[PDB]
Number of protein chains: 6
Amino acid sequence: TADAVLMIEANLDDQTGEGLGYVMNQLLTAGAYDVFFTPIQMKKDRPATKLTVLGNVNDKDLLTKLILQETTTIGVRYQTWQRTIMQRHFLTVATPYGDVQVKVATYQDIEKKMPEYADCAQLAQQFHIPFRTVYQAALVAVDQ
Amino acid sequence: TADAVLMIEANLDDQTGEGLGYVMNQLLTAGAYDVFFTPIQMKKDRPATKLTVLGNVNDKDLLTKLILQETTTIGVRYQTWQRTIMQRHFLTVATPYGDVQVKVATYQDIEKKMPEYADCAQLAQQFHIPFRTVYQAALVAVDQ
Amino acid sequence: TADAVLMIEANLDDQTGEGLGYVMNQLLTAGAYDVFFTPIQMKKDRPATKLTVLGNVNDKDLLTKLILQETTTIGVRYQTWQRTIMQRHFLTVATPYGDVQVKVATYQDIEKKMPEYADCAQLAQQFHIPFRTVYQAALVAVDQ
Amino acid sequence: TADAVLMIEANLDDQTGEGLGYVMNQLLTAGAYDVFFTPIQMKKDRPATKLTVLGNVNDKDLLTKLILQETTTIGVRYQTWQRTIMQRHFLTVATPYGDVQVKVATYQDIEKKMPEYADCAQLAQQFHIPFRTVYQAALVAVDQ
Amino acid sequence: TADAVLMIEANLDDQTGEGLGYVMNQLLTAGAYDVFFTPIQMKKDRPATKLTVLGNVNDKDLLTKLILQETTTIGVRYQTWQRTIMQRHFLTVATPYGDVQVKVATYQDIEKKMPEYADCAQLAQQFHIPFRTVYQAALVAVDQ
Amino acid sequence: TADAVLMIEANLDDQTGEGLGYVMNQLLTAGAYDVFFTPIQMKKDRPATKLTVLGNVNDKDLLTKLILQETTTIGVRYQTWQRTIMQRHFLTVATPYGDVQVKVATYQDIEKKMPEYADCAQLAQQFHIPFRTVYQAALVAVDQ
């Protein structure tokens, strides 16, 4: 399918990383689609960080306000981007360690399957096997 | 308030950092709002740098020409972004080390205060105390 | 001259670098103008990579499909950017090591010359001199 | 004072960030002093990640086996570094938003105070004030 | 087991990525165990690159002279690191797309299997299937 | 030749780039051989910076105390590295834009010449020509 997404950016040369991990969780809590950090270099020998937020266009006011309230930035910049998304569906698969949800993504003539992280990570911690072991066991089980 | 900003980008896989520090100062001298470096990885095992310039839209021709004249790039790409900016005002505050300008930023119902860097850095160098000491003394003094 | 370019982006927190070097060569093989990697930091302590592709706007469907087929991403985002490009021409120059193609770039009143990489690299490997030696010999020879 | 710390490194070009965020939690849980990710660029156009682990030098075997079991790497490299650490103790300080434990670090004639994050984050989420507001409120409060 | 590897580093702020990709190929050709690029930020607003070379400690002179001849740097620094490497051997495994050599690495009681990239890339380009498809097909196949 | 250099490192997740650019100027002023910033990713979703300082090994105390006084870090780690440095001397060379001091570096049978930046930058700003133009003009001029 197709949709649109707002991208909000901010350059922070006077902001600590501690506060940035806080703002990333606030934004995700607020419903941002995605949030990420880009290492950038700014004037006067400043190692800096660019904060990027992807979100719903109707959420523009909320995520702007969070950024302006929680970080040191005086302004933000935003742009709308177009999107092309694959259609999702999930299969639950039985492994020696429990059920594992596999996300099957399709688009036109593409079909691919991603074992979900939280499932694999929870079971590996429960039976103390490596995360790759649960992952591989999920692939093996989705063979049928 | 609200405004618009042009963003100009360039990928440089055949450009030294020495020349890049020169171009960043030329652009800031020319009135760029902001200029930053993003580390990027390009084809044929090239560690590269993306040069981003933010500027006034009527300055598009100048900053383009600077980039094309001073760097190795054959083309630049540019886009206009929308902005949401907080309203600024400054308070000058008295510290045991001298006056320090505090930038108070407001937007709707947000109010935050940033001690200015050059003020704090100049006074710390003058009295050889750590930059954090002048910073904290500025916060303390803006308490009233 | 002037033209427009599509920019396609994708954030990959569940993708290996091996597969990324493969997708970068597939995209360049498919006619992408440029492809690059940006190191980014995503949620849940994930060091991640942003994949950026620049391309012809009529190639949007191909490069999207490559990204969605070959990487783990569920969606891509794209935007059109405007371009300002210099006019190219090439001079072939004679060096003690052979002919070397120099790319001369002009725009309005700017004129700059870039010795081409593959030429210099091939000759340096053939006569085992440093790449800088062939480069400098090319500049010296384009003096006339 | 003087002390030592083991540094373990591993270059991972075939490892997802998802798995990397997982192994970072395993390593801290395993008693690593610190763990961090450095973006690096490896052969064959691979965007990659360097994993660095700091720990007690007697933990070489523990943290070695953890890295070899949970990540994809064939080998790790390790070296001992000397350390100089400040003395810590904590003060509870009264702020307009509540008490905050401030961390006081000393070394010879150096003394600096860092308000603790979790306290500040705790008060900020409880009173819907910005994290920067409480942090600064603590700094000002720690003046006496 | 236990072993040692020489690490050579050099900070390059006046070196293009083009030349860096070239020297990376020279170094691997010269018998370096590994080579990678780290983005770093140096004085005077310079976006720069750290070159790290791993090699046999008896190669100090070879790889030193290579770095000093082919790059722009005035000096390099080097240190010996200890290593812990897993035992490798290769299995050919039958997949729906063909045979794939899988790399089996062992250390004490740890055993993990990584399908090889070039085989997977070879089958993927031949049958126009995604690299992730063959890799997963190998993982599932290597279960027995 | 052979020599040694002290390397001091510190991981800073609660430190602004503003303060980092400041401490970089303090460190160079304090006689550090070199200082650079590496973007790193630390626990709890923190975009962070690694500070590396190179110096004389007898400066351990000077540069240690500087880092502990001016930055936020609780500890630093340090190690001695061996060095191999080329011999420098400077030539003044005649270019169409003026005389430029070129730096000639030697080691055994290796000889390379790097025109100096500040001279090139000086002539470029004076005659409004590109820095790449003067640099290349120097390279060509240094052929004899």
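As a basis for the values below, the full set of heavy atoms in this structure was taken, side chains included, without hydrogen atoms, waters or symmetry mates. By convention in this document, chain letters (A, B, ...) are assigned in the order of the sequence lines, proteins followed by strands, and residues within each chain are numbered from 1.
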Heavy-atom side-chain proximity of B/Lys43 to C/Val35 below 4.5 angstrom: no
According to salt bridge (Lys or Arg N to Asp or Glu O under 4.0 Å), does anything in residues 78-100 of chain B pair up with another residue at least two apart or in another chain? List the pairs. B/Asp3-B/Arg83
Applying salt bridge (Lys or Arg N to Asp or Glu O under 4.0 Å) as the test, list every pair that has at least one member in residues 122-136 of chain C; sequence neighbours left out. none
Tell me, with the steps shown, if C/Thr84 and B/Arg77 meet side-chain contact (heavy atoms from CB on, under 4.5 Å). CA-CA 6 Å; C/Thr84 291; B/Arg77 53 183 185 274; over 6 Å; no
In terms of heavy-atom proximity below 4.5 Å to chain C, should B/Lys44 be classed as side chain, backbone, both, or neither? neither
Quick check on C/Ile110 against chain B: is it the side chain, the backbone, both or neither that has a heavy atom closer than 4.5 Å? side chain
Minimum heavy-atom separation for [X] to [Y], with atom names?
| X | Y | answer |
| --- | --- | --- |
| C/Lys112 | B/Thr72 | NZ-C, 3.4 Å |
| B/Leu68 | C/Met86 | O-CE, 3.4 Å |
| B/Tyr78 | C/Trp81 | C-CE3, 3.5 Å |

Checked C/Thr49, C/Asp34, C/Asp109 vs chain B; the most non-hydrogen pairs under 4.5 Å come from C/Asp34
Determine whether more than 12 heavy atoms belonging to other residues, nucleotides or ligands lie under 6.0 Å from atom CD of B/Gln122. no
Approximate separation, where rounding is to 0.5 Å, of C/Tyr107 OH and B/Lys65 NZ: 10.0 Å
I need the residue from B/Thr64, B/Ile74, B/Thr80, B/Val76 with the largest number of non-hydrogen atom pairs under 4.5 Å to chain C. B/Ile74
Which residues satisfy the side-chain contact (heavy atoms from CB on, under 4.5 Å) test with C/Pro39, sequence neighbours excluded? A/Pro39, B/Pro39, D/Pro39
Begin from the C-alpha positions of C/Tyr117 and B/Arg46 and carry the test side-chain contact (heavy atoms from CB on, under 4.5 Å) through to its verdict. CA-CA 12 Å; C/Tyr117 167 88; B/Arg46 291 177 184 164; 3.6 Å; yes
Taking heavy atoms only and a threshold strictly under 4.5 Å, list by residue number the residues of residues 6-30 of chain B that touch chain C; give 'none' if the list is empty. B/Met7, B/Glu9, B/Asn11
